[PDB]
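A quick write-up on the structure given underneath.
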Amino acid sequence: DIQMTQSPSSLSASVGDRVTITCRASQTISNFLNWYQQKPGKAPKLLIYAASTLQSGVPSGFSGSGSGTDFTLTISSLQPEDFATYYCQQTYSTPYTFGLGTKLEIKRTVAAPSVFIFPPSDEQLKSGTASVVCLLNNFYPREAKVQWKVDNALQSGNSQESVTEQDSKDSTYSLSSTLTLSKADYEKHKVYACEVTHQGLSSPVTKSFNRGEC
Amino acid sequence: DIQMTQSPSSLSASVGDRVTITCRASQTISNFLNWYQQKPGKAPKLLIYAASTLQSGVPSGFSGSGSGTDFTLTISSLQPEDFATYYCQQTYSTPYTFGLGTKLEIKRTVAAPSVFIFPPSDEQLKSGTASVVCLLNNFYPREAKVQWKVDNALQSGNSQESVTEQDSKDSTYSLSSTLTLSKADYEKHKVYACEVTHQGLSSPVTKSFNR
């Protein structure tokens with residue numbers, strides 16, 4: 001199958017900037033390439049067909065170029081409605097393969113997270129499961145690490161993480177890490193902590209509690 | 001433009017279930033219809049073109065049918081890798097419009113949400129806008145209700161909600177409810193509460209703070 005490689009994987013730019021993203025095919029495909037745009041939680045939209053032709057409604061700020069293997073899409077002046085993920089797709093031979101995408105985010109200053117730890121409620125404990133919650137609020141960039149420690153022992157494979165998209169409020173990100181254990185296991189231990197490392201912190205910040213505090 | 005309408009918007013199923021998704025066009029498009037599949041945070045994948053022709057590599061469990069305005073995609077025995085969002089797209093007349101999608105989610109046990117309330121930060125108040133956040137963490141199903149109360153006055157028309165997609169491990173959801181007031185109106189009132197109603201909560205849980 002024809003492999004499509006997009007570059008870069010992500011791009012931090014400001015409103016009004018001129019950006020250019022690239023898509024390379026493993027074989028020559030003439031101008032048989034489409035450019036799609038997709039915002040989080042919304043359906044994709046075909047922006048450019050035949051490598052260069054814009055579809056109806058698309059502003060002239062988007063321009064597609066390239067023939068053969070290397071193709072580019074250029075946004076002349078980024079607008080708030082242009083920050084999204086962009087995909088390329090070859091239509092030359094079956095299977096019609098997609099690139100893995102290029103995500104455009106709004107660049108801003110580094111922001112340290114606000115970290116909070118919350119023990120499980122007694123109601124959930126009465127069901128036999130215990131969920132310790134660690135919240136990281138309003139940080140930039142999106143890359144953060146959360147490490148759960150129980151009685152000063154590293155935990156792994158027992159946590160779930162959810163991360164928000166770039167907030168329309170302040171262009172930050174928020175994250176939740178839930179460590180879920182059995183009631184028996186939870187009661188077998190005392191000190192529960194989440195250690196957060198982020199670019200905005202001089203040293204990793206640990207939020208901890210002894211079992212019993214609420 | 002040709003409007004593509006998909007149904008249902010969401011569908012809860014389990015491994016081994018047989019499921020069907022419908023896509024309708026506002027006008028006849030013969031068989032110029034594509035079915036794409038896409039998992040959250042991942043690139044889309046074209047599964048079917050020409051309404052019925054499966055793409056190279058798709059298992060035989062996927063079946064496309066239809067010609068004209070009504071089209072269906074059928075999955076015989078749902079596998080874990082089948083739970084995703086499916087889009088249809090007409091390829092007859094420009095612009096080649098997409099449907100709004102069908103999110104095929106997995107069924108799990110009822111999980112009550114954990115509720116947290118966060119007041120705005122002073123660094124946010126320097127924008128003249130106060131955003132009070134109520135977070136619901138790890139719940140199932142998605143159906144939930146968040147009612148805002150400012151000084152025991154039920155609010156409306158100024159709160160927005162954002163829901164995550166189904167988690168790939170615990171199959172739960174998480175929701176944010178932001179009440180957006182002006183800085184002066186925020187400094188004009190006292191108690192701020194969010195009341196959460198969910199299938200996993202016999203009594204609605206209220207989380208509040210007092211400035």
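Each chain in the structure tokens gets a letter, A, B, ..., in the order shown, and its residues are numbered from 1; ligands are numbered from 1 in order too.
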
Report task. Tell me the residues of chain A close to chain B, meaning within 10 Å using only C-alpha atoms, as a ChimeraX atom specification. Result -> /A:1,38,40-47,49,54-57,85-89,94-102,118,120-121,123-124,131,133,135,137,158-165,169-170,176-178,180

Query raised in the report: Counting only C-alpha atoms, what is within 8 Å of residue B:159, bar same-chain residues fewer than 6 positions away, as a PyMOL selection string?
Result: chain B and resi 148+177-180

Report task. Tell me, as a list in words, which residues lie within 6 Å of residue B:72, counting only C-alpha atoms; anything in the same chain fewer than 2 positions away does not count. Result ->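 What passes the distance filter is residues 21, 22, 64 and 65 of chain B.
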
Using N, CA, C and O atoms, can you export the residues from the last selection as a PDB file, in the first residue's frame?
ATOM      1  N   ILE B  21     -26.009   1.115  10.947  1.00  0.00           N
ATOM      2  CA  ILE B  21     -25.947   2.572  10.938  1.00  0.00           C
ATOM      3  C   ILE B  21     -26.534   3.063   9.622  1.00  0.00           C
ATOM      4  O   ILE B  21     -26.257   2.488   8.564  1.00  0.00           O
ATOM      5  N   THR B  22     -27.332   4.129   9.684  1.00  0.00           N
ATOM      6  CA  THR B  22     -28.043   4.658   8.530  1.00  0.00           C
ATOM      7  C   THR B  22     -27.464   6.008   8.128  1.00  0.00           C
ATOM      8  O   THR B  22     -27.115   6.826   8.987  1.00  0.00           O
ATOM      9  N   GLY B  64     -21.723  -2.835   3.403  1.00  0.00           N
ATOM     10  CA  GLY B  64     -22.361  -1.603   2.961  1.00  0.00           C
ATOM     11  C   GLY B  64     -23.450  -1.905   1.945  1.00  0.00           C
ATOM     12  O   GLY B  64     -23.319  -2.832   1.141  1.00  0.00           O
ATOM     13  N   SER B  65     -24.527  -1.124   1.991  1.00  0.00           N
ATOM     14  CA  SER B  65     -25.609  -1.311   1.035  1.00  0.00           C
ATOM     15  C   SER B  65     -26.362  -0.002   0.859  1.00  0.00           C
ATOM     16  O   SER B  65     -26.311   0.888   1.710  1.00  0.00           O
TER      17      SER B  65
END

**Report entry** Residue set, chain B restricted to strand (DSSP E or B), as a ChimeraX atom specification
**Finding:** /B:4-7,10-13,19-25,33-38,45-49,53-54,62-66,70-75,85-90,98,102-106,111,114-118,129-140,144-150,153-154,159-163,173-182,191-198,205-210

**Report entry** Residue with smallest distance to residue A:157 - pool A:194, A:111, A:50, A:181, counting only C-alpha atoms
**Finding:**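 Answer, going by the shortest atom-to-atom distance: A:181.
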
Requested in this report: Extract, using only C-alpha atoms, all DNA, RNA and protein residues at most 12 Å from residue B:154, discarding same-chain residues fewer than 5 positions from it, and format them as a list in words.
Outcome: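 Counting only C-alpha atoms, the residues come to residues 146, 147, 148, 149, 159, 179, 191, 192, 193, 194 and 195 of chain B.
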